[PDB]
Amino acid sequence: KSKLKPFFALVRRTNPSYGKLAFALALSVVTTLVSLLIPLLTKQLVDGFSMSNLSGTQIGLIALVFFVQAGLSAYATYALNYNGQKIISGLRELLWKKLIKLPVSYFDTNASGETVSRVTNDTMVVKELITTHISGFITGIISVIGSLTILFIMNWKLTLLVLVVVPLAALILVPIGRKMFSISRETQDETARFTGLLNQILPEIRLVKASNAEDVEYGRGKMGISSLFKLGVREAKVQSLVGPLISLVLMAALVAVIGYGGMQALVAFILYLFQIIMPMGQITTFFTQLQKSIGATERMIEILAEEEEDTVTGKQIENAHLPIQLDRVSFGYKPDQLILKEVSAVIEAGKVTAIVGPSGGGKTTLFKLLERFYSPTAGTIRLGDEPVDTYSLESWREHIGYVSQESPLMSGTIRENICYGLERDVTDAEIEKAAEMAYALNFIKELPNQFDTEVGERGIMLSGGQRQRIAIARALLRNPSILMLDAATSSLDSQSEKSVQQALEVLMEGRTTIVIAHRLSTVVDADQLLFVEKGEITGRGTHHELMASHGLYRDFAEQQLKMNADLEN
Amino acid sequence: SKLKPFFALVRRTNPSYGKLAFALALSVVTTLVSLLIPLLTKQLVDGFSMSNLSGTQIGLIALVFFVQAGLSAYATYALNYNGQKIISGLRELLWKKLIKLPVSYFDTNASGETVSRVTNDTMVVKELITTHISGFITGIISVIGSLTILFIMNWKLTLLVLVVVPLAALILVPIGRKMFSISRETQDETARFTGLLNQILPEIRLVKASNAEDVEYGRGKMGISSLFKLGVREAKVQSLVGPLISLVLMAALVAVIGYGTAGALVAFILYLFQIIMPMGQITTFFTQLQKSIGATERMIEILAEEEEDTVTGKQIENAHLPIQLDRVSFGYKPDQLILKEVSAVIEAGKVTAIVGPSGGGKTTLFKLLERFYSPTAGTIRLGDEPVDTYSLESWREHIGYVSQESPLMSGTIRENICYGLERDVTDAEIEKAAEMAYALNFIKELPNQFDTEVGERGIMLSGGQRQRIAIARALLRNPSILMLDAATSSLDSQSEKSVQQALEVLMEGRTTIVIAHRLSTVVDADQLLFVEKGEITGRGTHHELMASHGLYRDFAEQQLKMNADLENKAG
Ligand SMILES: Nc1ncnc2c1ncn2[C@@H]1O[C@H](COP(=O)(O)OP(=O)(O)OP(=O)(O)O)[C@@H](O)[C@H]1O
Ligand SMILES: Nc1ncnc2c1ncn2[C@@H]1O[C@H](COP(=O)(O)OP(=O)(O)OP(=O)(O)O)[C@@H](O)[C@H]1O
Ligand SMILES: [Mg+2]
Ligand SMILES: [Mg+2]
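From first to last, the protein sequence lines stand for chains A and B.
When we follow our numbering, the leftmost residue of the first sequence carries the number 9, and every step to the right adds one.
When we follow our numbering, the leftmost residue of the second sequence carries the number 50, and every step to the right adds one.
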């Protein structure tokens with residue numbers, strides 16, 4: 009029960025309203041004041057029997073009006089539901105905020121799908137128990153103490169004995185609770201993780217579906233998916249062993265009442281015993297259901313308490329034509345296994361520098377550090393007399409547009425994907441022009457409208473060449489100081505590619521552009537070419553210097569001009 | 050008529066009705082007790098007092114009978130076991146109709162929805178099926194039970210209640226049919242939006258690159274909370290059940306007191322409150338049945354769908370037939386036949402190719418080729434017998450297609466390659482298959498092959514790495530027809546050559562149809578095909594294009610003057 013304190017604390021912060029809870033707790037006492045006053049008041053029946061007809065015709069009308077108070081008990085149940093629907097939406101509001109602001113490093117260690125269900129399915133665990141959490145416990149403890157005080161006036165020795173029997177035998181309820189906590193956590197972890205599994209097979213059905221998908225993927229889905237939700241059978245098994253344990257704790261009190269009293273009103277003392285036994289069941293299940301919610305929500309607090317990414321610190325310099333620099337910059341996704349090892353290069357402001365290296369040699373990872381995603385292990389980047397964390401992140405993005413390797417698409421239309429950034433600042437005239445430079449506009453027009461044709465799940469309704477150019481157009485819309493293309497014309501045809509490079513050349517004359525290219529034939533006229541092999545920059549400067557670098561580094565034209573000489577002859 | 054598709058699916062496809070009988074057995078036993086208590090406990094003031102004369106004989110009247118009082122708890126477990134089986138049962142079912150489901154579905158209703166619409170939709174019925182029967186059966190037993198006792202002591206006013214309560218229970222249907230929609234429509238809303246929150250999270254590495262952290266938080270806040278608090282309207286309707294029941298008995302008070310002997314008058318109103326308690330138990334079950342039917346309404350619609358598997362035609366016993374086309378027209382949107390009337394012959398064993406502009410039907414023609422979609426007017430022949438009379442299930446076993454996108458999933462490098470029917474492969478086969486894709490040389494670098502998780506869509510690996518693994522997967526299956534839809538797009542020209550050289554040795558006497566961005570890659574391709582705006586315009590080796598067509602030259606000749614400048618200044 010030391011695992012109650014760390015989460016009840018978060019339950020408290022998670023509270024947009026409380027005043028409604030008071031109304032539920034007000035009527036709860038009113039109604040329990042009735043049921044404990046019923047056995048003392050309902051002992052006179054002859055009086056009503058005689059005045060059953062004459063008093064019922066003139067004074068008996070008021071008896072029907074009392075169903076309003078009996079109906080007002082239903083609005084108190086609504087208070088448990090309204091504060092339940094607010095506390096469920098409350099945790100939803102909270103966790104989501106610590107996920108969008110969450111650093112990129114988290115999605116390397118802990119999977120995306122895993123964080124989704126432990127946000128939607130985990131929250132719904134507490135809702136179906138918070139409506140009976142307080143409701144069952146409060147009315148339970150009121151009547152337990154209530155019936156006990158009446159018994160304390162009636163008897164002092166035998167009444168005291170129960171208080172040393174039931175709470176001393178309630179220590180056999182903790183192994184039910186402590187094994188209920190880990191039994192609902194493991195289930196709301198294993199299947200929380202397993203929603204995610206279909207979320208990796210189902211969208212990729214378009215590729216997955218061949219003789220591999222046909223049945224083999226049903227098994228991962230079906231065996232794991234079923235055999236792991238049927239772990240709740242073990243949860244329902246432990247829950248059904250509450251009842252006989254409570255029936256066995258009162259038996260220890262029977263020896264402390266009959267065996268102690270009888271040897272030393274006896275019939276009257278055993279009547280009230282069953283009146284405490286009913287709410288005893290109400291209190292006991294609340295304890296187990298509180299551990300059931302703490303178990304489930306144990307994942308929420310750990311995910312909530314995390315180092316978020318900073319937005320505004322020191323100074324927010326928005327307009328500054330700054331040259332990019334590097335000094336002994338080393339980085340790795342794991343301390344023992346590093347990717348970049350002390351790299352230094354100067355990118356001149358205004359002029360288009362480039363980066364070319366073999367696949368798996370550190371280009372994209374250097375650019376991740378560039379668009380400020382990760383922190384270097386030993387080095388830093390020289391910009392506006394600041395390093396990485398102290399300098400403003402919001403301002404850093406506000407004037408820089410980076411189109412990474414992958415073509416990024418989400419649900420909605422082409423308009424939504426481009427108008428992603430600086431929201432409601434862009435007019436119709438701006439998009440048309442931004443998409444024209446990307447060349448996409450020509451074929452955005454072909455299909456029914458720009459704001460009409462939807463992309464779908466990761467943009468499957470559109471071709472590679474179209475989805476790539478839209479991503480360019482998105483960066484073109486913001487008009488940034490530093491543009492970026494990490495193999496942006498990879499699947500894009502050489503004829504459909506030239507038109508793109510020609511438009512960005514006109515725009516970014518007095519503005520910096522750092523690009524990555526698969527074929528050196530594209531980045532022939534690049535101001536400062538950088539060769540990225542196995543994690544360090546080896547070859548610098550234009551093609552006249554690259555051929556003069558080393559023996560191994562000669563492929564700059566050597567491999568591309570080979571397959572070219574064939575067409576001519 | 051929406052009740053029937055629930056219980057018929059709950060029966061003939063759901064595993065239950067076993068332990069259910071035991072729960073329904075003890076339910077009658079215990080309700081036979083509570084209706085016999087007011088008739089037997091008439092002399093309980095002496096009944097519970099009779100154990101005084103017997104002495105210590107209490108160890109058989111109460112002590113042993115707590116086993117039967119404890120056996121009621123195992124009957125509650127029977128609801129739970131049949132509940133946990135019926136929930137897992139629907140889960141087993143729906144998943145099967147999703148993997149076997151055709152590609153056309155994920156164009157119209159998307160995945161995100163259909164994913165969460167299983168796992169969250171199934172859990173709606175579990176927390177109600179434990180009190181569904183439990184509350185209704187014990188309810189209806191005691192209602193009829195107390196009513197029959199009222200008949201022997203009263204045969205006039207007892208009949209009046211039966212014409213009051215069920216005639217006033219018609220004000221419970223507007224609660225029920227407005228309870229069906231309020232769970233259904235919300236079980237769309239959540240699923241659809243919670244599935245939409247799952248699209249933003251994996252692509253975060255581009256969310257924190259654009260000013261959109263708070264913009265997408267704003268989609269989440271006003272979106273997920275905005276519609277989850279629609280359950281407030283669901284809990285609102287549910288809390289208006291209680292006063293309606295309290296008001297239906299008031300209509301009976303006029304039909305009992307106002308219509309109705311004076312001694313029995315007090316006795317008739319006592320039993321009235323004994324029916325009123327289980328009345329509440331029956332009424333909430335009706336609303337909670339509509340709550341489950343509403344939720345499960347979209348289960349059945351998703352289950353009842355046309356699957357993707359045939360039986361016509363067996364395998365071919367390792368024989369490569371020639372690929373053909375005759376007036377083949379296709380278009381997702383029936384308004385625009387995107388891939389118009391097309392005819393081309395691909396020679397068996399020969400490495401033919403396809404190159405056209407972006408948006409002109411290459412990949413869409415290959416989707417039809419991999420035989421996913423059905424052509425609107427034409428058909429595909431494979432050795433003068435069409436594609437159809439060989440089933441789909443076997444077609445893919447002999448054909449390996451590596452489409453445009455680089456496909457990656459949660460598993461390691463081994464699980465991605467081994468994917469084409471796992472455990473039917475040995476260690477010697479993978480090593481060789483990965484060597485041909487020239488990824489084996491890069492896998493070795495990192496600690497082990499089998500001990501290297503790729504992650505959510507393989508973010509732990511680079512473009513050049515993830516592309517070659519996909520090629521190795523097809524290389525592992527040793528197929529008759531290989532395919533590369535710009536498989537060397539992000540791949541470096543130096544790291545690319547090694548790949549093309551290995552597949553040239555293997556696919557000598559086996560067909561290979563490829564798509565290329567740069568014509569410089571597919572220079573020596575048997576029969577090049579130009580795919581512009583949906584129809585094949587150019588045919589054969591690029592030399593034909595550079596002489597025949599007067600609008601496809603500058604197109605087939607671009608890659609020549611592009612890098613013709615690399616040997617101008619250097620040499
Ligand atoms: N989470 C990670 N993200 C990126 N790279 C990682 C990660 N973990 C390890 N790596 C290592 O980084 C390499 C990829 O780095 P990077 O993306 O910069 O390559 P690249 O030079 O840009 O080549 P390509 O053009 O193929 O993407 C992997 O091959 C792997 O060794
Ligand atoms: N669901 C869909 N799937 C694929 N294509 C679609 C879909 N709906 C519409 N289309 C249209 O079909 C066109 C042809 O698709 P396809 O991928 O084959 O083009 P492509 O010529 O191969 O270009 P690229 O090589 O750049 O991908 C797309 O450009 C798109 O406009
Ligand atoms: Mg990269
Ligand atoms: Mg394509």
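Cβ coordinates follow ideal geometry from the N, Cα and C atoms, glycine included.
Report all residues from its chain with a CB closer than 7 Å to the CB of residue i; omit the five preceding and five following residues, and keep chain order.
i: A/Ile325; result: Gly392, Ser403
i: A/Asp116; result: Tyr341
i: B/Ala393; result: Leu374, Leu578, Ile585
So, under 8 Å CB-CB, residue i and residue j are touching, yes? Tell me the CB distance rounded to an integer number of Å.
i: residue 27 of chain B; j: B/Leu52; result: A query on residue 27 of chain B cannot be resolved here, the shown segment of chain B reaching from 50 to 620 and no further.
i: B/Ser295; j: A/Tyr83; result: Wrong, their Cβ atoms sit about 12 Å apart, outside the cutoff.
i: B/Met532; j: B/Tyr450; result: 4 Å
i: B/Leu58; j: B/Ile349; result: 6 Å
i: A/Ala177; j: A/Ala264; result: That pair is no contact at about 10 Å.
Within its chain, find whatever has a CB closer than 8 Å to the CB of residue i; leave out the 5 residues flanking it on each side and keep chain order.
i: B/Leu386; result: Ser378, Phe379, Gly380, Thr425, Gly583
i: B/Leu495; result: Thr501
i: B/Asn367; result: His447, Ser529
i: A/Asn89; result: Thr139
i: A/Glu315; result: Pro111
i: B/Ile395; result: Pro371, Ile372, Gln373, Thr401, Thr560, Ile562, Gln576
Whose C-alpha, out of the options, is nearest the C-alpha of residue i?
i: A/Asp223; options: B/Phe71, B/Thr586, B/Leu150; result: B/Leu150
i: A/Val124; options: A/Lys105, A/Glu394, A/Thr139; result: A/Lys105
i: B/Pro383; options: B/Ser423, B/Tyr66, B/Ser50; result: B/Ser423
i: B/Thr239; options: B/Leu209, B/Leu211, B/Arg254, B/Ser275; result: B/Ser275
i: A/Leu169; options: A/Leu281, A/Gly251, A/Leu69; result: A/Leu281
i: A/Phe16; options: A/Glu243, A/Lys441, A/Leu298, A/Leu156; result: A/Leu298
i: B/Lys618; options: A/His552, A/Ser60, A/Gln93; result: A/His552
i: B/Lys340; options: B/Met172, B/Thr412, B/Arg268, B/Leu418; result: B/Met172
i: A/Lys135; options: B/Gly280, B/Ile249, B/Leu255; result: B/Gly280
i: A/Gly270; options: B/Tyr266, B/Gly589, B/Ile351, B/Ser103; result: B/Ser103
i: B/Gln516; options: B/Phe499, B/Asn527, B/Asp534; result: B/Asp534
Looking at the strands, I want to know which residues DSSP matches up with residue i.
i: B/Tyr450; result: B/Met532
i: B/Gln373; result: B/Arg430
i: B/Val580; result: B/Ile585
i: A/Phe339; result: A/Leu348
i: A/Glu462; result: A/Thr421
i: B/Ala402; result: B/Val563, B/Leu577
i: B/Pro435; result: B/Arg430
i: B/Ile395; result: B/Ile372
Once you ignore the five residues that flank residue i on each side, which residues in its own chain have a CB closer than 6 Å to its CB?
i: B/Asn158; result: none
i: residue 633 of chain B; result: In this structure chain B extends from 50 to 620, so residue 633 of chain B is not present and cannot be described.
i: B/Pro327; result: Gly188, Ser191, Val192
i: A/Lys94; result: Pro24, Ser25
i: A/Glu379; result: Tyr410
i: A/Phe237; result: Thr199
Is the Cβ of residue i closer than 8 Å to any Cβ of chain D?
i: B/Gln337; result: Any reference to chain D falls outside this structure, whose protein chains are A and B.
Does the region 530 to 544 of chain A come close enough to the region 436 to 456 of chain B that 3 or more CB-CB pairs lie under 8 Å?
Output reads no: the region 530 to 544 of chain A does not touch the region 436 to 456 of chain B.
Say whether the region 185 to 196 of chain A touches the region 67 to 83 of chain A, bearing in mind that this needs 3 or more beta-carbon pairs closer than 8 Å, one atom from each stretch.
Because the criterion of three Cβ pairs below 8 Å is not met, the region 185 to 196 of chain A and the region 67 to 83 of chain A do not touch.
Three or more C-beta pairs closer than 8 Å, one from the region 498 to 516 of chain A and one from the region 393 to 408 of chain B: is that the case here?
Yes, they touch.
Does the region 462 to 478 of chain B come into contact with the region 515 to 525 of chain B, if we say contact requires no fewer than three beta-carbon pairs (one atom in each stretch) closer than 8 Å?
The region 462 to 478 of chain B vs the region 515 to 525 of chain B: in contact.
Within the chosen definition, does the region 498 to 514 of chain B reach the region 451 to 460 of chain B through at least 3 CB pairs nearer than 8 Å?
Yes: the two stretches touch, three or more of their Cβ pairs being nearer than 8 Å.
The region 512 to 522 of chain A / the region 428 to 444 of chain A touching (three or more Cβ pairs under 8 Å):
The region 512 to 522 of chain A, when compared against the region 428 to 444 of chain A, does not touch it at the 8 Å Cβ threshold.
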